[PDB]
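Line order of the protein sequences matches chains A and B. Residues 1 to 159 (the entry's author numbering) are what the first sequence spells out, left to right. Residues -13 to 159 (the entry's author numbering) are what the second sequence spells out, left to right.
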Amino acid sequence: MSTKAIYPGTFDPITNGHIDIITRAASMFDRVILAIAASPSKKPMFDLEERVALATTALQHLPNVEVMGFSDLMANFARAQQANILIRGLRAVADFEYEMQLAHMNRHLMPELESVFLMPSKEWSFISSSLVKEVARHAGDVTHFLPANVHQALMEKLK
Amino acid sequence: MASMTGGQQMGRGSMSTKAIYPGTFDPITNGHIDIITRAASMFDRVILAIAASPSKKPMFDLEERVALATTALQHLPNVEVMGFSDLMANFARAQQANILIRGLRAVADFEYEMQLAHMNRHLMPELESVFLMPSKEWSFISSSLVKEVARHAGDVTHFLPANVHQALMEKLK
């Protein structure tokens, strides 16, 4: 019957690449949660409240998508949310290794959670939050890579 | 609201899902079975699409491959086995599939798989490629390796369903 997917990340901030991933996932699963990590070990530019607020606005037009923060073991959060699917976007070869390791651990922690991988669209294949930030920090144009609400908020953070 | 719209795929919630899982499956292994079982748990329907005329001559012919796979996957109600002699995208279009299952074992392959996904996106924009990691148990097995091991009497009973094991032993004198 139901499929319920979690798409975890720091989303600092959410980019068009993330939006593409979640849009695609929301087309194939009944429900999707954008799970925003509360306390990443590297301090984010936006806090959880801001990240969640931005992502909510950017994803409001998707009816089966909900944005939430989480500060617990993803397996525990997935169990709490009665999620059975874990979405991960796969951009680089470097990321694949780490995500395969994590998937094997999550299989150990939650055997009933299936990890599922999406490639980013060609359009968004080179963008990351980190890269957009670094470009923007030195006044590079990133209007093409962010939704308007995120773009405005980023500009404010850097002024 | 049919008088007004037939509806669209994206931005309107969840849609009916029909996945193709293509390969040569020469023969199908427990690794493949794991992948398709997992896909069949999350998609409404799944087709195991067995390539008829692969570039490297297979040990089993299409009829044998299809027969073996059918038997090994009969316990999954939403899975069907078919042969195809086309691009995976043309078969997908023919079957009105909207999902393409791809197994992701090696880092070496990631680049090729991303390139294939971009090509399939070009050919069939409405087809989404979805990538599954193999289970840890099956992470090192391939059809090719199991065959070569079997050819020199290595034990591969753990890597194949019984019907495939028997058929493989028959192929190897």
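Virtual Cβ for every residue (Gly too), placed ideally from N, Cα, C.
Under 8 Å by beta carbon: chain B residues contacting residue i
i	result
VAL93 (chain A)	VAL93, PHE96, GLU97
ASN64 (chain A)	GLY(-1), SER0
First and last residue of the uninterrupted beta strand (DSSP E) at residue i
i	result
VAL142 (chain B)	Counting along the chain, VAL142 (chain B) falls outside any beta strand (DSSP E), and DSSP gives it neither H nor E.
Residues bridged to residue i [DSSP beta-bridge criterion]
i	result
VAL32 (chain A)	A:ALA5, A:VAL65
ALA37 (chain B)	B:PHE70
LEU86 (chain B)	B:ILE6, B:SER115
Interface partners of residue i on chain A, CB under 9 Å
i	result
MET110 (chain B)	Chain A residues near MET110 (chain B): none, gap ~14 Å exceeds 9 Å.
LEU118 (chain B)	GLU114, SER115, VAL116, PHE117
Range of the contiguous alpha helix (DSSP H) that encloses residue i
i	result
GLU114 (chain A)	Here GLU114 (chain A) belongs to no alpha helix (DSSP H); instead the beta strand (DSSP E) covers 114 to 118.
residue 162 (chain B)	Residue 162 (chain B) lies beyond the range of chain B shown here (-13 to 159); nothing can be said about it.
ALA55 (chain B)	48 to 58
residue 161 (chain B)	The first residue shown for chain B is -13 and the last is 159, placing residue 161 (chain B) beyond what the model contains.
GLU134 (chain A)	129 to 137
Under 8 Å by beta carbon: chain A residues contacting residue i
i	result
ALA103 (chain B)	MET119
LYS122 (chain B)	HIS104, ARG107
Under 7 Å by beta carbon: chain A residues contacting residue i
i	result
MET100 (chain B)	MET119
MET(-13) (chain B)	By Cβ distance, chain A contributes nothing, its closest Cβ being about 15 Å from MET(-13) (chain B), past 7 Å.
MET(-4) (chain B)	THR23, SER27
Chain B residues whose Cβ lies nearer than 9 Å to that of residue i
i	result
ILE85 (chain A)	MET28
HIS61 (chain A)	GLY(-3)
Proximal chain B residues relative to residue i, where beta-carbon distance stays under 7 Å
i	result
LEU90 (chain A)	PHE117
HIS151 (chain A)	None at all; the shortest Cβ gap to chain B is about 21 Å.
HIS144 (chain A)	Here the premise fails: no neighbours, minimum Cβ distance about 19 Å.
Near the ligand FMN: residue i beta-carbon under 7 Å from a heavy atom
i	result
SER130 (chain A)	What this structure holds is no ligand at all, so the ligand FMN is not there to describe.
Item to complete: Using a Cβ-Cβ cut-off of less than 8 Å, list which residues of the stretch 3 to 35 of chain A approach chain C; keep chain order.
Response: No chain C is present in this structure, whose protein chains are A and B.
Discussion item. Assess contact between the stretch 26 to 43 of chain B and the stretch 74 to 83 of chain B, defined as three or more Cβ pairs (one per stretch) separated by less than 8 Å. Is contact present?
Written reply: yes
Item to complete: Indicate whether the contact test is met: 3 or more Cβ pairs, each with one atom in the stretch 10 to 17 of chain A and one in the stretch 135 to 151 of chain A, closer than 8 Å.
Response: Yes: the two stretches touch, three or more of their Cβ pairs being nearer than 8 Å.
Worksheet item: At a cut of 8 Å, does the stretch 115 to 124 of chain A reach the stretch 97 to 106 of chain B through at least three beta carbon pairs?
Response: yes
Worksheet item: Does the pairing of the stretch -2 to 6 of chain B with the stretch 18 to 32 of chain A give three or more beta-carbon distances under 8 Å?
Response: yes
Worksheet entry | Contact the stretch 65 to 79 of chain B vs the stretch 46 to 53 of chain B: 3+ CB pairs below 8 Å | yes
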